Structure formats: C-alpha cells, structure tokens
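Taking it in order: structure first as structure tokens, then the write-up.
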Amino acid sequence: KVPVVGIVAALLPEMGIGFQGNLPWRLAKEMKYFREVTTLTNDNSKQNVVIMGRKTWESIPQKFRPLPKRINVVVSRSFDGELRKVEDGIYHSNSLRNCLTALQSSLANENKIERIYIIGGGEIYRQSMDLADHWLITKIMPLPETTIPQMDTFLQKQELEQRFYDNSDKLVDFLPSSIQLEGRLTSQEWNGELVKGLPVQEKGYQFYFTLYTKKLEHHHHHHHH
Ligand SMILES: NC(=O)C1=CN([C@@H]2O[C@H](COP(=O)(O)OP(=O)(O)OC[C@H]3O[C@@H](n4cnc5c(N)ncnc54)[C@H](OP(=O)(O)O)[C@@H]3O)[C@@H](O)[C@H]2O)C=CC1
Ligand SMILES: CCc1nc(N)nc(N)c1C#C[C@H](C)c1cc(OC)cc(-c2ccncc2)c1
C-alpha cells in the first residue's frame with residue numbers, strides 16, 4: 001500500500017556504484033538531490049523510510065548518521081526481530097522481506113509513511129528487484145578530459161531492465177513538489193545507450209537524474225478463498 005522505491009547513483013556504462021567501501025566520486029550537487037528526495041514528502045505529517053544494508057551504514061560519516069528527518073532502517077542477518085527500534089531514528093531488522101511486510105501493516109505505521117526508500121548496498125539492491133515498485137537512478141559520465149575512477153560494486157542492470165522500464169518522462173511528476181532542479185529533461189546518446197533525465201555537471205562529470213517503473217503484468221491467477 002506504500003510505494004517501495006530504490007534510489008542510487010551509478011557511473012555508466014557498467015553502473016559502478018562504489019569502490020573499497022566508499023563512493024568513487026564526491027559531487028555536492030548529487031548529494032543535494034539525494035538528500036532532498038529522500039527527505040521531502042508531499043504530506044507534512046509523514047516521513048519517508050530509508051532502508052540500507054549494514055555496510056552502507058558504516059560508510060556514512062558518523063556526523064551525518066542516522067540521516068536526518070528520515071526513518072532509518074539497517075538490516076543485518078545478525079539482528080533480532082523482523083523490525084525493532086534500537087535508538088532514536090534507528091530501526092534494526094534481520095530480514096529485508098519481513099521488514100517490508102511489517103512496514104506495510106497500517107496498524108503499525110498508522111498510515112504515516114509516505115514512501116519506503118532503499119538507499120544502498122550492492123547486496124541490498126540485488127534483493128530489491130522483486131520488492132521495489134520504482135527506481136531513482138543517477139546516471140553518471142566522465143567528461144572527455146576526465147579520468148574514469150576505479151570501482152568494485154555494480155547495480156544489476158540486467159534484472160533492472162527485465163522488470164522495469166525507463167519512466168523518466170515522469171521524473172518531475174514523481175518527485176516531491178518542493179524540489180526544484182536546474183535543468184530541462186534531455187535525451188543524450190552516450191556510448192551507444194540512451195540517457196534521458198535532468199542534466200548536471202560538476203568537477204569533470206556530466207550526470208542525469210532518472211526514474212524507472214515496473215512493467216505491466218499478465219493476469220495469470222488471483223487467490224480465491
Ligand atoms: N552510489 C550509490 O547510490 C551507493 C553506493 N553504495 C556503495 O555500495 C558499497 C556497499 O554495498 P555492499 O558492499 O553491497 O553492502 P550493503 O550495504 O548492501 O550491506 C550488505 C549487508 O547487509 C545485510 N543484509 C543483506 N541482505 C539482507 C537481508 N535480506 N536481510 C537482512 N540483512 C541483509 C548483511 O549484513 P551483515 O553482514 O551484518 O549480516 C550484508 O552483509 C559501498 O562502496 C558504498 O559506497 C552504497 C549506497 C549507495
Ligand atoms: C549522494 C549519494 C547517493 N546518491 C543517490 N542518487 N542515491 C544514493 N542512495 C546515494 C547514497 C548513499 C549512501 C547512503 C551514502 C554513502 C556515503 O559514503 C559512502 C555518504 C553518504 C552521505 C554523506 C553525507 N551526507 C549524507 C550521506 C551517503
């Protein structure tokens with residue numbers, strides 16, 4: 001009943017997302033977009049949930065964690081229940097799946113969660129493909145004179161394109177109202193593939209914010225009791 005959305009920044013064409021436990025880059029403008037999207041909501045009385053793998057949590061500077069104004073959920077095979085508070089703004093879960101079921105219960109959340117964001121972990125992203133309804137992806141490209149950074153973690157681009165389709169024409173509509181961007185929706189060919197979204201440039205990088213949505217399904221069966 002509450003939308004499950006994955007959000008990530010990836011460097012084309014392989015979609016590298018991290019290197020040696022960190023980000024391969026440092027771009028102020030990209031962190032700005034991520035912070036505003038996950039934080040802002042359409043209903044002022046609601047907050048968004050940010051769910052992340054345990055390793056992504058340890059990569060966030062201690063000064064900025066937990067992420068402010070958002071319900072934080074860290075998942076680890078070594079935690080206790082399916083969803084339990086451990087500190088202020090922090091929930092611990094031993095199961096990403098049961099964690100979602102629990103969050104969906106309107107008895108527990110009393111309909112005060114606008115969205116559920118899956119904000120990180122290559123390992124977490126791989127299990128989200130069936131779980132998520134949508135995907136917010138920042139596609140990054142090094143400019144001509146820029147060196148390509150090294151990377152060791154990647155988004156599963158294949159699974160993404162089997163279940164989801166590029167819905168960027170609806171990116172602006174999909175984001176919370178209060179957010180404003182400094183570009184116009186643009187289509188640019190880069191290394192063969194089509195890159196559609198909102199354009200930005202910082203340091204020696206060119207990047208685009210995009211949106212992915214689940215594909216239609218055939219009607220094979222509905223459970224009758
Ligand atoms: N550019 C971007 O948009 C982002 C990039 N990153 C990058 O990704 C890298 C880290 O990702 P990665 O190494 O994959 O680690 P993850 O963040 O995905 O953490 C994986 C851990 O999460 C726990 N876990 C995984 N699945 C489940 C489950 N189903 N139920 C309960 N717990 C589970 C396990 O923790 P445990 O071992 O404790 O049991 C596992 O070890 C870093 O380099 C980081 O910079 C991260 C976020 C965003
Ligand atoms: C913008 C990066 C980012 N962009 C997009 N489009 N999606 C994302 N999911 C993330 C992300 C992320 C993880 C949680 C992260 C990693 C990190 O270092 C690995 C530092 C921060 C961080 C530093 C400063 N303030 C808040 C958060 C966040």
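Going through the structure tokens in order, the chains are called A, B, and so on, while each chain numbers its residues from 1 and the ligands are numbered from 1 in the order shown.
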
Skip region 84-101 of chain A itself and residues of its chain fewer than 5 positions away, then list as a VMD selection string all residues within 7 Å of it, counting only C-alpha atoms.
chain A and resid 66 71 to 79

Close residues, region 128-141 of chain A itself excluded, 9 Å, only C-alpha atoms, min 4 positions apart in chain, as an MDAnalysis selection string
chainID A and resid 3:13 15 30 96:97 100 117:118 124 148 156 159:160 163:164 171 190 195 197 204:214

Throw together the list of residues within 7 Å of ligand 2, counting only C-alpha atoms and all ligand atoms, and drop it here as a list in words.
residues 7, 8, 9, 21, 22, 23, 30, 31, 33, 34, 35, 56, 57, 59, 60, 61, 64, 67, 119, 120, 137 and 138 of chain A

Residue with smallest distance to ligand 1 - pool A:43, A:58, A:193, A:145, counting only C-alpha atoms and all ligand atoms
A:58

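Of note, CA of residue 48 (chain A) and CA of residue 68 (chain A) are spaced 10.8 Å apart.
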
Could you please write out, as an mmCIF file with C-alpha atoms, in the first residue's frame, every residue of region 16-72 of chain A that DSSP assigns to alpha helix (DSSP H)?
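Output below, filename result12.cif:
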```cif
data_model
loop_
_atom_site.group_PDB
_atom_site.id
_atom_site.type_symbol
_atom_site.label_atom_id
_atom_site.label_comp_id
_atom_site.auth_asym_id
_atom_site.auth_seq_id
_atom_site.Cartn_x
_atom_site.Cartn_y
_atom_site.Cartn_z
ATOM 1 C CA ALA A 28 27.994 18.169 -3.954
ATOM 2 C CA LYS A 29 25.141 18.589 -6.442
ATOM 3 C CA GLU A 30 24.439 14.838 -6.495
ATOM 4 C CA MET A 31 24.359 14.572 -2.677
ATOM 5 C CA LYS A 32 21.966 17.544 -2.682
ATOM 6 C CA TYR A 33 19.472 15.707 -4.917
ATOM 7 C CA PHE A 34 19.696 12.515 -2.847
ATOM 8 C CA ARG A 35 19.166 14.348 0.446
ATOM 9 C CA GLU A 36 16.179 16.355 -0.802
ATOM 10 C CA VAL A 37 14.364 13.431 -2.485
ATOM 11 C CA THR A 38 14.626 11.051 0.470
ATOM 12 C CA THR A 39 13.803 13.794 2.978
ATOM 13 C CA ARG A 54 24.747 -2.746 7.264
ATOM 14 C CA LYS A 55 27.857 -1.960 5.183
ATOM 15 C CA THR A 56 26.364 1.185 3.642
ATOM 16 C CA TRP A 57 25.595 2.409 7.160
#
```

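The spacing separating atom 33 (C, counted along the ligand's line) of ligand 1 from CA of residue 149 (chain A) amounts to 27.6 Å.
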
List every residue of region 21-193 of chain A that DSSP, applied to the backbone of this structure, assigns to strand (DSSP E), and report them as number ranges by chain.
A: 47-53, 71-75, 84-87, 90-93, 113-120, 134-142, 153-154, 164-166, 186-190, 193

Would you mind listing what lies within 10 Å of residue 150 (chain A) as number ranges by chain, with only C-alpha atoms counted and same-chain residues fewer than 2 positions away left out?
A: 16, 18-20, 24-25, 147-148, 152-153

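Rounded to one decimal, CA of residue 114 (chain A) and CA of residue 53 (chain A) lie 20.9 Å from each other.
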
Go through A:27, A:198, A:181, A:2 one by one, measure the shortest atom-to-atom distance of each to ligand 1 using only C-alpha atoms and all ligand atoms, and give the residue with the smallest value.
A:27

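With only C-alpha atoms and all ligand atoms as the atoms that count, the residue of A:127, A:104, A:45, A:146 with the shortest distance to ligand 1 is A:127.
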
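Minimum atom-to-atom distances from A:42, A:121, A:1, A:81 to ligand 1 were compared using only C-alpha atoms and all ligand atoms, and the lowest value belongs to A:121.
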
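Of the residues under consideration (A:219, A:46, A:126, A:224), A:126 shows the shortest atom-to-atom contact distance to ligand 1 when counting only C-alpha atoms and all ligand atoms.
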